[PDB]
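Report on the structure given below.
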Amino acid sequence: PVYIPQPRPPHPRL
Amino acid sequence: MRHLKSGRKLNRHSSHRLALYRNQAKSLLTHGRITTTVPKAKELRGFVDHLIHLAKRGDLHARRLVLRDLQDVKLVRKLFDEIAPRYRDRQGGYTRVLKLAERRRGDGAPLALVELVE
Amino acid sequence: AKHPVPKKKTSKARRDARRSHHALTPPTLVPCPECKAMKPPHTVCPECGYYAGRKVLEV
Amino acid sequence: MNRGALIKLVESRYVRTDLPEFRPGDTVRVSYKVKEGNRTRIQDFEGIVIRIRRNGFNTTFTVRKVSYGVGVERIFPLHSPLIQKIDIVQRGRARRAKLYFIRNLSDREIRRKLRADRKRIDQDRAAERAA
Amino acid sequence: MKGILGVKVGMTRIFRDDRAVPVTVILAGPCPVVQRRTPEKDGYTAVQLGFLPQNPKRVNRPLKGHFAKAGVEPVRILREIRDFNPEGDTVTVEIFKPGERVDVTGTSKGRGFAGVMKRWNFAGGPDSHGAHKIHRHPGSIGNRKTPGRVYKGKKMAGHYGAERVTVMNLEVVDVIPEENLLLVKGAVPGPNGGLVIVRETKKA
Amino acid sequence: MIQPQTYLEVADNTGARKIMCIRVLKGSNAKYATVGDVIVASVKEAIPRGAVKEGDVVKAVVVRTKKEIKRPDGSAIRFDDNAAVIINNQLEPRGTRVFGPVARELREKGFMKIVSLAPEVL
RNA sequence: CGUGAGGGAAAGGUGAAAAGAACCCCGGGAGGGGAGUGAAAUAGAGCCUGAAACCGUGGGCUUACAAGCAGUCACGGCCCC
RNA sequence: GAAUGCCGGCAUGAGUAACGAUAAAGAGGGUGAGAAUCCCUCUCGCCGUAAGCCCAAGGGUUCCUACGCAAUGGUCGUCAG
RNA sequence: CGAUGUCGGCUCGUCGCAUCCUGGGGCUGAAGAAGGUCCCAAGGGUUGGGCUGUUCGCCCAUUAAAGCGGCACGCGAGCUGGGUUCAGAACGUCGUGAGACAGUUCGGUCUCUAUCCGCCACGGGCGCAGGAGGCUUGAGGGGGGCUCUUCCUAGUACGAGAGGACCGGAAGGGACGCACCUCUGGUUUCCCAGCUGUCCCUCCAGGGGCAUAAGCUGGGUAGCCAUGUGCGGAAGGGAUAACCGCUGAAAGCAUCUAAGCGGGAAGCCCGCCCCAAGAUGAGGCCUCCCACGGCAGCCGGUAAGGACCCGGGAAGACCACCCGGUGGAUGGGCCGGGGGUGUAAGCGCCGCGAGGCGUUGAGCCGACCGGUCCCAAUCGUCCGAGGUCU
Ligand SMILES: [Mg+2]
Ligand SMILES: [Mg+2]
Ligand SMILES: [Mg+2]
Ligand SMILES: [Mg+2]
Ligand SMILES: [Mg+2]
Ligand SMILES: [Mg+2]
Ligand SMILES: [Mg+2]
Ligand SMILES: [Mg+2]
Ligand SMILES: [Mg+2]
Ligand SMILES: [Mg+2]
Ligand SMILES: [Mg+2]
Ligand SMILES: [Mg+2]
Ligand SMILES: [Mg+2]
Ligand SMILES: [Mg+2]
Ligand SMILES: [Mg+2]
Ligand SMILES: [Mg+2]
Ligand SMILES: [Mg+2]
Ligand SMILES: [Mg+2]
Ligand SMILES: [Mg+2]
Ligand SMILES: [Mg+2]
Ligand SMILES: [Mg+2]
Ligand SMILES: [Mg+2]
Ligand SMILES: [Mg+2]
Ligand SMILES: [Mg+2]
Ligand SMILES: [Mg+2]
Ligand SMILES: [Mg+2]
Ligand SMILES: [Mg+2]
Ligand SMILES: [Mg+2]
Ligand SMILES: [Mg+2]
Ligand SMILES: [Mg+2]
Ligand SMILES: [Mg+2]
Ligand SMILES: [Mg+2]
Ligand SMILES: [Mg+2]
Ligand SMILES: [Mg+2]
Ligand SMILES: [Mg+2]
Ligand SMILES: [Mg+2]
Ligand SMILES: [Mg+2]
Ligand SMILES: [Mg+2]
Ligand SMILES: [Mg+2]
Ligand SMILES: [Mg+2]
Ligand SMILES: [Mg+2]
Ligand SMILES: [Mg+2]
Ligand SMILES: [Mg+2]
Ligand SMILES: [Mg+2]
Ligand SMILES: [Mg+2]
Ligand SMILES: [Mg+2]
Ligand SMILES: [Mg+2]
Ligand SMILES: [Mg+2]
Ligand SMILES: [Mg+2]
Ligand SMILES: [Mg+2]
Ligand SMILES: [Mg+2]
Ligand SMILES: [Mg+2]
Ligand SMILES: [Mg+2]
Ligand SMILES: [Mg+2]
Ligand SMILES: [Mg+2]
Ligand SMILES: [Mg+2]
Ligand SMILES: [Mg+2]
Ligand SMILES: [Mg+2]
Ligand SMILES: [Mg+2]
Ligand SMILES: [Mg+2]
Ligand SMILES: [Mg+2]
Ligand SMILES: [Mg+2]
Ligand SMILES: [Mg+2]
Ligand SMILES: [Mg+2]
Ligand SMILES: [Mg+2]
Ligand SMILES: [Mg+2]
Ligand SMILES: [Mg+2]
Ligand SMILES: [Mg+2]
Ligand SMILES: [Mg+2]
Ligand SMILES: [Mg+2]
Ligand SMILES: [Mg+2]
Ligand SMILES: [Mg+2]
Ligand SMILES: [Mg+2]
Ligand SMILES: [Mg+2]
Ligand SMILES: [Mg+2]
Ligand SMILES: [Mg+2]
Ligand SMILES: [Mg+2]
Ligand SMILES: [Mg+2]
Ligand SMILES: [Mg+2]
Ligand SMILES: [Mg+2]
Ligand SMILES: [Mg+2]
Ligand SMILES: [Mg+2]
Ligand SMILES: [Mg+2]
Ligand SMILES: [Mg+2]
Ligand SMILES: [Mg+2]
Ligand SMILES: [Mg+2]
Ligand SMILES: [Mg+2]
Ligand SMILES: [Mg+2]
Ligand SMILES: [Mg+2]
Ligand SMILES: [Mg+2]
Ligand SMILES: [Mg+2]
Ligand SMILES: [Mg+2]
Ligand SMILES: [Mg+2]
Ligand SMILES: [Mg+2]
Ligand SMILES: [Mg+2]
Ligand SMILES: [Mg+2]
Ligand SMILES: [Mg+2]
Ligand SMILES: [Mg+2]
Ligand SMILES: [Mg+2]
Ligand SMILES: [Mg+2]
Ligand SMILES: [Mg+2]
Ligand SMILES: [Mg+2]
Ligand SMILES: [Mg+2]
Ligand SMILES: [Mg+2]
Ligand SMILES: [Mg+2]
Ligand SMILES: [Mg+2]
Ligand SMILES: [Mg+2]
Ligand SMILES: [Mg+2]
Ligand SMILES: [Mg+2]
Ligand SMILES: [Mg+2]
Ligand SMILES: [Mg+2]
Ligand SMILES: [Mg+2]
Ligand SMILES: [Mg+2]
Ligand SMILES: [Mg+2]
Ligand SMILES: [Mg+2]
Ligand SMILES: [Mg+2]
Ligand SMILES: [Mg+2]
Ligand SMILES: [Mg+2]
Ligand SMILES: [Mg+2]
Ligand SMILES: [Mg+2]
Ligand SMILES: [Mg+2]
Ligand SMILES: [Mg+2]
Ligand SMILES: [Mg+2]
Ligand SMILES: [Mg+2]
Ligand SMILES: [Mg+2]
Ligand SMILES: [Mg+2]
Ligand SMILES: [Mg+2]
Ligand SMILES: [Mg+2]
Ligand SMILES: [Mg+2]
Ligand SMILES: [Mg+2]
Ligand SMILES: [Mg+2]
Ligand SMILES: [Mg+2]
Ligand SMILES: [Mg+2]
Ligand SMILES: [Mg+2]
Ligand SMILES: [Mg+2]
Ligand SMILES: [Mg+2]
Ligand SMILES: [Mg+2]
Ligand SMILES: [Mg+2]
Ligand SMILES: [Mg+2]
Ligand SMILES: [Mg+2]
Ligand SMILES: [Mg+2]
Ligand SMILES: [Mg+2]
Ligand SMILES: [Mg+2]
Ligand SMILES: [Mg+2]
Ligand SMILES: [Mg+2]
Ligand SMILES: [Mg+2]
Ligand SMILES: [Mg+2]
Ligand SMILES: [Mg+2]
Ligand SMILES: [Mg+2]
Ligand SMILES: [Mg+2]
Ligand SMILES: [Mg+2]
Ligand SMILES: [Mg+2]
Ligand SMILES: [Mg+2]
Ligand SMILES: [Mg+2]
Ligand SMILES: [Mg+2]
Ligand SMILES: [Mg+2]
Ligand SMILES: [Mg+2]
Ligand SMILES: [Mg+2]
Ligand SMILES: [Mg+2]
Ligand SMILES: [Mg+2]
Ligand SMILES: [Mg+2]
Ligand SMILES: [Mg+2]
Ligand SMILES: [Mg+2]
Ligand SMILES: [Mg+2]
Ligand SMILES: [Mg+2]
Ligand SMILES: [Mg+2]
Ligand SMILES: [Mg+2]
Ligand SMILES: [Mg+2]
Ligand SMILES: [Mg+2]
Ligand SMILES: [Mg+2]
Ligand SMILES: [Mg+2]
Ligand SMILES: [Mg+2]
Ligand SMILES: [Mg+2]
Ligand SMILES: [Mg+2]
Ligand SMILES: [Mg+2]
Ligand SMILES: [Zn+2]
């Protein structure tokens with residue numbers, strides 16, 4: 001494989 | 001729930017089912033025997049029975065009624081002149097469905113034949 | 001949804017146990033009265049074409 | 001057994017047989033036995049039969065009338081013992097069986113659509129010529 | 001404490017004292033006694049009634065021996081009535097008079113696999129305002145790590161109907177003994193053609 | 001079948017023409033009012049120089065409804081609108097006459113003042 | 001693979017010798033069973049050796065009232081030597 | 001024996017999701033070892049400022065015919081780019 | 001910190017009791033009615049709105065009451081995403097500035113597939129020492145449990161008056177629950193009619209496709225339904241809570257207690273409805289088969305029975321369940337009835353004509369109630385006891 005789909009952002013634990 | 005409901009859907013919408021029965025009727029009356037799936041056979045039985053009974057009546061109205069489904073004057077003419085007269089004394093049960101032994105290779109469907117009786 | 005995933009690999013014991021209910025059942029067969037061939041009940045005989053005692057369709 | 005027959009048999013002791021036939025569109029007067037503490041009197045109710053739904057003994061018919069400015073509809077069981085009598089007031093010619101549409105009509109427009117049913121008026125008047 | 005078997009015929013209404021009366025019509029009689037249950041032999045008391053006669057060409061050998069041991073014709077169904085011991089050998093609708101109050105058991109109509117809303121009248125979800133594929137869903141089923149499980153008996157979807165139901169304190173409106181008919185005011189479980197039990201009421 | 005937010009025509013000379021039901025005075029949490037039920041409503045529309053004016057929070061009895069009312073004799077009556085008659089805390093009509101027919105149910109509910117004043121009890 | 005500059009694999013071995021399996025059988029073929037070759041054919045070309053995970057067939061013991069980091073110690077039953 | 005290690009192989013999830021527009025099919029006849037799926041006919045439906053026809057770019061034999069069905073075709077295949 | 005998603009809402013609840021209501025009490029500065037305060041009680045119940053993202057709170061209209069809390073401030077592999085909590089932009093304020101702010105303002109991507117436990121349902125297997133077809137006992141579970149108004153008692157007891165009961169007895173409600181479809185009211189994908197456009201069959205007339213996965217419009221049976229109908233909460237028995245006692249010492253009196261007995265709650269036990277013998281502690285009763293042939297075991301043919309296969313079903317996802325299989329009405333057709341639509345076509349007459357009238361409540365016509373072997377459930381196959389021991 002060559003291409004990585006970006007991972008989802010996290011839930012903002014702010 | 002389906003409680004006390006008559007009539008198969010045959011995974012067709014309302015107008016497709018109708019033409020199925022209509023095209024199956026023209027086929028059966030054109031040839032006298034056809035092979036279909038068992039469910040389609042079991043339902044064509046009453047669709048074709050009624051047309052044949054209207055042909056026993058034999059009036060203009062009946063011909064016009066019958067023509068709504070068969071649309072073919074020559075075939076309707078055969079139904080009224082050759083098919084109906086051999087059922088005059090038969091009170092319904094003009095068709096029959098017999099089940100076949102072998103299934104289709106490509107989808108496993110059970111087949112059966114539908115014919116006009118003697 | 002949040003994409004449910006298996007938590008452990010299924011053992012050979014658990015996998016096959018789930019297939020406890022997977023055997024084909026053999027087909028129902030009866031001898032045909034006219035030609036004595038074996039065929040499913042309630043079907044026109046595919047070997048001789050007889051059903052209910054009469055030749056129904058040529059084979 | 002015959003479940004349909006048994007139902008009829010249970011209903012037969014209550015089935016009425018003395019009322020005039022009428023149709024949606026006919027004007028009609030129902031004399032209805034009504035109670036008011038602690039006596040009972042006869043209150044007429046005149047209007048157009050806008051609907052009749054048939055279920056054997058369980059047929060019921062709806063009559064519509066305006067009344068001191070407000071439209072009032074009433075539903076009667078056709079075999080109710082509370083009905084003293086029914087008088088046929090006017091035979092009306094409808095093209096359909098349920099006349100809900102006259103709820104939104106002016107008086108003059110209802111008259112245009114429900115013109116007098118000549119044929120059944122003559123039927124009435126040609127009856128009542130009897131011994 | 002009396003009881004009779006029967007069959008739901010269908011509903012209609014009558015007129016009684018210038019009042020409409022919704023009634024179910026039950027064809028109840030006539031039920032032969034086919035076995036009596038004695039405290040000596042069985043430890044309790046009840047009567048095994050039979051109902052609807054049967055073509056013997058369908059009644060098997062061990063069952064024929066049962067009917068014959070009581071000298072009754074083969075019947076289609078057998079049901080007991082607890083603490084009922086009729087003096088005769090045949091129970092009929094003549095055991096119920098108008099004005100009495102009965103309890104009717106029947107097998108309810110079968111909804112099959114029913115949703116949480118049809119079964120338990122759950123509120124469902126919104127149909128707008130961003131609701132996402134949950135309009136008929138049941139919401140939350142639990143808590144979090146405490147208790148970290150779902151209760152036994154938490155209402156969820158599943159089968160619904162085709163089960164034993166009894167309606168209490170039903171008025172008897174009329175009895176027509178010549179046709180074995182029993183007119184009960186109200187509604188009875190199950191479809192027309194279903195088996196029903198009609199017992200005296202346990203209410204006061 | 002009257003509930004909060006339902007508008008009723010006003011069947012008397014109180015001066016109010018339209019009221020909007022704001023509570024059904026039939027217990028703790030009744031959902032609907034029918035003929036004979038008292039409601040609390042707001043006057044949304046009234047004629048000039050009335051005994052009542054727009055804004056007043058009044059009590060009313062419902063005298064006729066668009067959902068047909070059923071009756072023990074198996075009959076049923078159904079009007080063209082939802083109408084009400086304005087009353088005082090002692091349930092007497094706050095006007096001096098009533099317009100239109102009214103439901104006979106009002107009689108055995110003790111609204112005999114309205115029943116008499118009405119031109120037709122149906 | 002990348003527009004391009006550029007990036008950049010995998011893939012060796014029958015047997016001494018093709019003697020590389022005529023011919024027959026089932027089969028549409030593929031594949032197999034015989035026949036034949038060879039010291040050897042689970043050396044038959046998807047070929048030296050042929051481990052492990054993994055999948056199957058057969059057999060011995062065993063299991064449907066039972067609480068489990070799966071073993072360990074004990075005793076008893078059954079099968080083998 | 002572990003480096004979310006590197007290469008390879010093989011499991012699990014599982015006979016599960018899916019098989020890519022809800023424009024739609026049915027029958028008879030033929031071919032063939034084999035046919036829902038190929039050919040032929042009748043019926044039915046869909047597009048018709050297109051889902052028809054003609055250029056340009058880009059692609060590069062895909063065109064026609066004969067013989068083929070291991071793989072490619074999301075199933076089948078006697079058909080096919 | 002190689003991730004434990006954060007407010008409020010919605011949905012679904014469940015528990016606690018320091019009890020908001022309802023039930024039971026003692027004391028009262030308790031006349032009555034109504035309160036106050038404390039005790040017992042967690043069975044059930046605890047409304048609809050305006051404002052704000054709000055929790056909170058205020059307010060409207062009611063109520064028996066409009067209770068406080070735990071469950072990761074319950075619950076985002078259940079939803080929401082208004083607020084918080086990224087990147088844009090603006091205002092006030094701070095900073096020379098870049099920028100900043102528990103200061104404000106407008107906007108701003110929330111992940112189809114459940115492996116294990118758990119939960120709702122439904123089967124398959126084996127077991128329940130002989131094998132079978134029935135009908136049952138109920139160990140143990142589950143469900144339910146709310147409450148108001150008016151009247152009578154009686155304008156009595158009480159009170160100067162206003163006001164106004166206990167106990168006992170009737171009637172009518174709200175919400176909730178289970179079932180039902182007779183009525184009311186929905187739907188009813190082709191059950192009937194009307195209508196436009198277009199293409200077609202066959203020129204007229206009659207019709208068919210398409211305009212949605214019904215072209216549109218007016219209706220609409222069975223089924224499934226609530227807005228509709230029936231019915232439920234109990235009664236009753238028992239044991240108690242706080243509390244009130246009888247007899248009664250220790251302790252010549254007194255004491256509900258130390259011996260002993262009674263009264264006493266919407267609560268506890270039973271009662272009602274439902275599941276229920278895998279209740280392996282595998283229960284009981286009724287009926288049927290039966291000592292089979294060959295070497296507590298094995299292999300054969302059977303018995304009573306069972307399954308397969310088939311026509312079906314208000315039963316159902318598959319499975320299961322239930323009915324039927326020619327000695328038969330199971331489905332399909334036909335016939336009668338119901339029911340819907342609302343007067344077919346053709347012909348005759350009238351009008352120049354669109355039309356109208358008549359034949360005619362005609363024609364068509366799903367499912368409902370029945371009849372009728374006209375068609376199809378043909379013909380068959382396979383399993384299945386020989387009963388261990390004291
Ligand atoms: Mg990723
Ligand atoms: Mg559906
Ligand atoms: Mg049916
Ligand atoms: Mg499909
Ligand atoms: Mg269409
Ligand atoms: Mg028909
Ligand atoms: Mg057959
Ligand atoms: Mg078959
Ligand atoms: Mg094929
Ligand atoms: Mg989700
Ligand atoms: Mg999610
Ligand atoms: Mg999503
Ligand atoms: Mg899911
Ligand atoms: Mg997923
Ligand atoms: Mg697993
Ligand atoms: Mg494995
Ligand atoms: Mg294995
Ligand atoms: Mg293993
Ligand atoms: Mg498993
Ligand atoms: Mg599986
Ligand atoms: Mg298996
Ligand atoms: Mg029963
Ligand atoms: Mg429900
Ligand atoms: Mg619901
Ligand atoms: Mg909703
Ligand atoms: Mg969204
Ligand atoms: Mg979702
Ligand atoms: Mg949606
Ligand atoms: Mg749901
Ligand atoms: Mg959470
Ligand atoms: Mg836990
Ligand atoms: Mg069931
Ligand atoms: Mg104003
Ligand atoms: Mg104002
Ligand atoms: Mg008025
Ligand atoms: Mg490239
Ligand atoms: Mg290139
Ligand atoms: Mg390089
Ligand atoms: Mg070499
Ligand atoms: Mg070499
Ligand atoms: Mg060598
Ligand atoms: Mg050959
Ligand atoms: Mg070969
Ligand atoms: Mg071979
Ligand atoms: Mg070979
Ligand atoms: Mg050697
Ligand atoms: Mg070797
Ligand atoms: Mg070797
Ligand atoms: Mg070598
Ligand atoms: Mg090798
Ligand atoms: Mg190898
Ligand atoms: Mg093995
Ligand atoms: Mg145990
Ligand atoms: Mg064991
Ligand atoms: Mg352990
Ligand atoms: Mg030891
Ligand atoms: Mg190490
Ligand atoms: Mg490693
Ligand atoms: Mg990991
Ligand atoms: Mg790897
Ligand atoms: Mg795999
Ligand atoms: Mg599967
Ligand atoms: Mg899965
Ligand atoms: Mg699946
Ligand atoms: Mg998928
Ligand atoms: Mg699938
Ligand atoms: Mg796809
Ligand atoms: Mg795909
Ligand atoms: Mg597709
Ligand atoms: Mg279309
Ligand atoms: Mg056809
Ligand atoms: Mg073909
Ligand atoms: Mg093909
Ligand atoms: Mg093929
Ligand atoms: Mg296709
Ligand atoms: Mg072709
Ligand atoms: Mg055009
Ligand atoms: Mg266009
Ligand atoms: Mg290319
Ligand atoms: Mg070719
Ligand atoms: Mg190929
Ligand atoms: Mg091939
Ligand atoms: Mg090749
Ligand atoms: Mg392929
Ligand atoms: Mg593909
Ligand atoms: Mg292929
Ligand atoms: Mg192929
Ligand atoms: Mg070929
Ligand atoms: Mg080509
Ligand atoms: Mg952290
Ligand atoms: Mg990780
Ligand atoms: Mg982790
Ligand atoms: Mg993580
Ligand atoms: Mg995680
Ligand atoms: Mg809570
Ligand atoms: Mg306390
Ligand atoms: Mg209290
Ligand atoms: Mg008190
Ligand atoms: Mg007190
Ligand atoms: Mg006082
Ligand atoms: Mg007091
Ligand atoms: Mg409580
Ligand atoms: Mg609580
Ligand atoms: Mg509130
Ligand atoms: Mg507003
Ligand atoms: Mg607020
Ligand atoms: Mg605030
Ligand atoms: Mg109070
Ligand atoms: Mg939280
Ligand atoms: Mg909370
Ligand atoms: Mg949360
Ligand atoms: Mg989310
Ligand atoms: Mg949230
Ligand atoms: Mg969560
Ligand atoms: Mg999560
Ligand atoms: Mg936001
Ligand atoms: Mg938003
Ligand atoms: Mg960022
Ligand atoms: Mg500034
Ligand atoms: Mg500055
Ligand atoms: Mg800021
Ligand atoms: Mg602050
Ligand atoms: Mg601002
Ligand atoms: Mg915007
Ligand atoms: Mg914002
Ligand atoms: Mg989007
Ligand atoms: Mg994902
Ligand atoms: Mg799972
Ligand atoms: Mg687990
Ligand atoms: Mg089981
Ligand atoms: Mg037993
Ligand atoms: Mg118990
Ligand atoms: Mg247990
Ligand atoms: Mg008094
Ligand atoms: Mg005095
Ligand atoms: Mg009292
Ligand atoms: Mg209905
Ligand atoms: Mg009905
Ligand atoms: Mg209706
Ligand atoms: Mg209706
Ligand atoms: Mg209907
Ligand atoms: Mg039709
Ligand atoms: Mg024309
Ligand atoms: Mg047309
Ligand atoms: Mg066309
Ligand atoms: Mg078109
Ligand atoms: Mg159409
Ligand atoms: Mg309608
Ligand atoms: Mg319609
Ligand atoms: Mg009630
Ligand atoms: Mg004392
Ligand atoms: Mg004393
Ligand atoms: Mg004592
Ligand atoms: Mg006591
Ligand atoms: Mg006591
Ligand atoms: Mg109570
Ligand atoms: Mg039971
Ligand atoms: Mg049992
Ligand atoms: Mg136990
Ligand atoms: Mg047992
Ligand atoms: Mg079925
Ligand atoms: Mg059977
Ligand atoms: Mg048979
Ligand atoms: Mg039949
Ligand atoms: Mg029939
Ligand atoms: Mg008929
Ligand atoms: Mg009729
Ligand atoms: Mg009729
Ligand atoms: Mg006419
Ligand atoms: Mg005509
Ligand atoms: Mg004409
Ligand atoms: Mg002329
Ligand atoms: Mg008719
Ligand atoms: Mg007969
Ligand atoms: Mg045979
Ligand atoms: Zn044969």
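The way I read the labels, and the way they are meant: chains A, B, ... in the order of the structure tokens, residue 1 as the first residue of every chain, and ligand 1 as the first ligand shown, with later ones counted on from there.
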
Who sits within 12 Å of range 295-303 of chain I, only C-alpha atoms (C1' of nucleotides), same chain under 3 positions skipped, as a count of residues only: 14

Interface list for chain C, partner chain H, 7 Å threshold, only C-alpha atoms (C1' of nucleotides), as a PyMOL selection string: chain C and resi 6+9-10

Only N, CA, C and O atoms, please: the residues just picked out, written as a short mmCIF file (atom, residue, chain, number, x, y, z; two decimals), in the first residue's frame.
data_model
loop_
_atom_site.label_atom_id
_atom_site.label_comp_id
_atom_site.auth_asym_id
_atom_site.auth_seq_id
_atom_site.Cartn_x
_atom_site.Cartn_y
_atom_site.Cartn_z
N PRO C 6 -13.97 -7.05 16.11
CA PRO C 6 -13.76 -8.21 16.99
C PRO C 6 -12.65 -7.95 18.00
O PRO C 6 -11.63 -7.33 17.67
N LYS C 9 -9.39 -13.03 18.40
CA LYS C 9 -9.57 -14.02 17.35
C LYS C 9 -10.41 -15.19 17.86
O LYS C 9 -10.26 -15.63 19.00
N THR C 10 -11.29 -15.71 17.01
CA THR C 10 -12.12 -16.85 17.38
C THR C 10 -11.33 -18.15 17.29
O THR C 10 -10.74 -18.45 16.25
#

Test item: residues lying within 8 Å of ligand 164 with only C-alpha atoms (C1' of nucleotides) and all ligand atoms, as number ranges by chain: I: 329-331

Spatial neighbours of residue 360 in chain I, max dist 12 Å, only C-alpha atoms (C1' of nucleotides), sep filter under 5 positions, as an NGL selection string: :I and (342-344)

Exercise: range 250-267 of chain I partners within 10 Å, only C-alpha atoms (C1' of nucleotides), chain neighbours under 4 positions left out, as number ranges by chain: I: 22-25, 40-44, 145-146, 240-246

Just need the residues of chain I within 7 Å of chain A, counting only C-alpha atoms (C1' of nucleotides), so spit them out as a PDB file with C-alpha atoms (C1' of nucleotides), in the first residue's frame.
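Result went into iface_38.pdb, see below:
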ATOM      1  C1'   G I   5     -15.629  12.313  24.321  1.00  0.00           C
ATOM      2  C1'   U I   6     -16.633  16.825  27.549  1.00  0.00           C
ATOM      3  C1'   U I  85     -13.876  23.404  22.652  1.00  0.00           C
TER       4        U I  85
END
